[PDB]
Amino acid sequence: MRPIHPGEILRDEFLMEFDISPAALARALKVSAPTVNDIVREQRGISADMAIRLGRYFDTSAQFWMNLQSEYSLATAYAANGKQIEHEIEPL
Amino acid sequence: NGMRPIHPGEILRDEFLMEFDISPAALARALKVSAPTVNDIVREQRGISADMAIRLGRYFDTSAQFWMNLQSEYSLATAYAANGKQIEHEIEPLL
Amino acid sequence: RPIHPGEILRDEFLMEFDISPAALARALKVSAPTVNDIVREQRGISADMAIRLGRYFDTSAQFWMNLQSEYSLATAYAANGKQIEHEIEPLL
Amino acid sequence: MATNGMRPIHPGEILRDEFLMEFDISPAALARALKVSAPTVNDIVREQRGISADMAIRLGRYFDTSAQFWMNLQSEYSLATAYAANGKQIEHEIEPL
DNA sequence: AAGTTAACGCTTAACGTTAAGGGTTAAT
DNA sequence: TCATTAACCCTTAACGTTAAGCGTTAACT
């Protein structure tokens, strides 16, 4: 009943489930602390690079993270520009 | 199939722009988008933005998410090709 | 509502003089995301940015600091004012 | 700003001289009253830490003072110290409109 | 004329760096 | 004991760098 930012999933399903702080996760992923923390704060998306890193580290699949992101981005784009795009583009 | 990932622009060409014989420039006028935007996607020099997946989904009567999935699988694959081996070397997997 | 300082910069200065975010950036000698993130209301005015904006627009720098300080006070009060009032009793 | 005009006044100076000494309150005791850790008050009193917006609210409620008073001291201090470090260089690279 | 595209600028995501505010712990 | 403060880490703001998506104006077919 809402589009879920991937950082929500990382925060509630992995970080808080495994009791891992953002800074600790960043050290294990070999990235800077803002890279993990901006995602967890729902202020950054999952890059292709971070999906590999997250899937490698948490055993999960990398596509899983990519799909979380692309669904979030599609829903975010739609709510923003959907009715306008539909008003200006006639199909076939 | 040569085990290379498929860029979405090749689908936009060989399965939509040639099937319906539509001009890159004509598609752009139809999508109310600039000409270089369509042309760069066709030319495999740009990815499918979320705005563009909505537009192609709407025009060509396909899912918008179909295009998003084509893009994600591609850029995941190309990121893996360019960095997966290094990423696997430096990250140990909590187990 | 608390007005973000970027709003006052976007609407009372950039729009009054038809200056793009990118152009202001070249004139202030900062990177383009530094001006653009202020304009988008995703970044506060730093003291260094208040000096640059004060110098460019012949305002005081304190003017920009006061916009920032009133904004971040309101923000912080909206985030924690009720809890802080609950947990602190005033001196008598 | 100082009377001699040669340095900015840090808000912790006002905190300890005009409130802590005026009321005989220890930094550690102020920390207990404000519900913050002891180094938070003590680093402000030692003029080693700025007043955050959260801390201005705590100080405002506790001392009946206004919270913006504390913000105003901090921003003037942060402006003055930013300007002494970089004002000339900013002045040379930015032509006004 | 109309489709392509190489140039150029604007906006803005992702990233590492640096630094500051904060709590904790423990030393003084 | 009780207050001060050092040392350390975590979270997060501001910043430059880089690169991607996009539109515009021109060259080119």
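To find a chain, count down the sequence lines: A is the first, B the second, and so on, and within it residues start at 1.
- The structure places CD1 of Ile54(B) at 4.5 Å from CD1 of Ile85(A), a figure rounded to the nearest 0.5 Å.
- Without hydrogens or angle criteria, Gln69(A) side chain to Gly45(A) main chain gives no donor-acceptor distance under 3.5 Å.
- Stem regions for DNA chain F, each three or more consecutive Watson-Crick or G-U pairs with both distances under 3.5 Å and listed by first number, read E:7-28 with F:3-24.
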Check: residues 1-8 of chain A side-chain donor-acceptor pairs under 3.5 Å, at least two apart:
unit_1	atom_1	unit_2	atom_2	d
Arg2(A)	NH2	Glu8(A)	OE2	2.9
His5(A)	ND1	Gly7(A)	N	2.9
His5(A)	NE2	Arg44(A)	O	3.2

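- Aromatic pair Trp67(B)/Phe60(B): centroids not less than 6.0 angstrom apart.
- Of the possible polar contacts, one joining the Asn67(A) side chain to the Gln63(A) backbone as a donor-acceptor pair under 3.5 Å is found.
- Considering NZ of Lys29(C) and CZ of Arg52(C), their distance stands at 8.5 Å, rounded to 0.5 Å.
- At a non-hydrogen distance threshold of 4.0 Å, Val31(A), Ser32(A), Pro34(A), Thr35(A) from residues 15-39 of chain A come into contact with DNA chain E.
- Under a cut-off of 6.0 angstrom, the local environment of CD in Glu15(B) is sparse, with at most 12 non-hydrogen atoms contributed by other residues, nucleotides or ligands.
- Looking at residues 67-77 of chain B, you'll see that no heavy atom sits under 4.0 Å from any atom of DNA chain F.
- Close approach of DNA chain E to chain C, defined as any atom under 4.0 Å from a non-hydrogen atom of the protein, starts and stops at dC10(E) to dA13(E).
- Phosphate proximity of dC22(F) to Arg46(B): present, with a side-chain N or O under 4.0 Å from OP1 or OP2.
- Checking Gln43(A) against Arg52(C), the closest nucleotide of DNA chain F that is more toward the 5' end is the one next to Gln43(A).
- Side chains of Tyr80(B) and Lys85(B): a donor-acceptor N/O pair is present below 3.5 angstrom, by distance only.
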Atom pairs under 3.5 Å, N or O on each side, protein against nucleotides 27-29 of chain F: can you list them with distances?
none

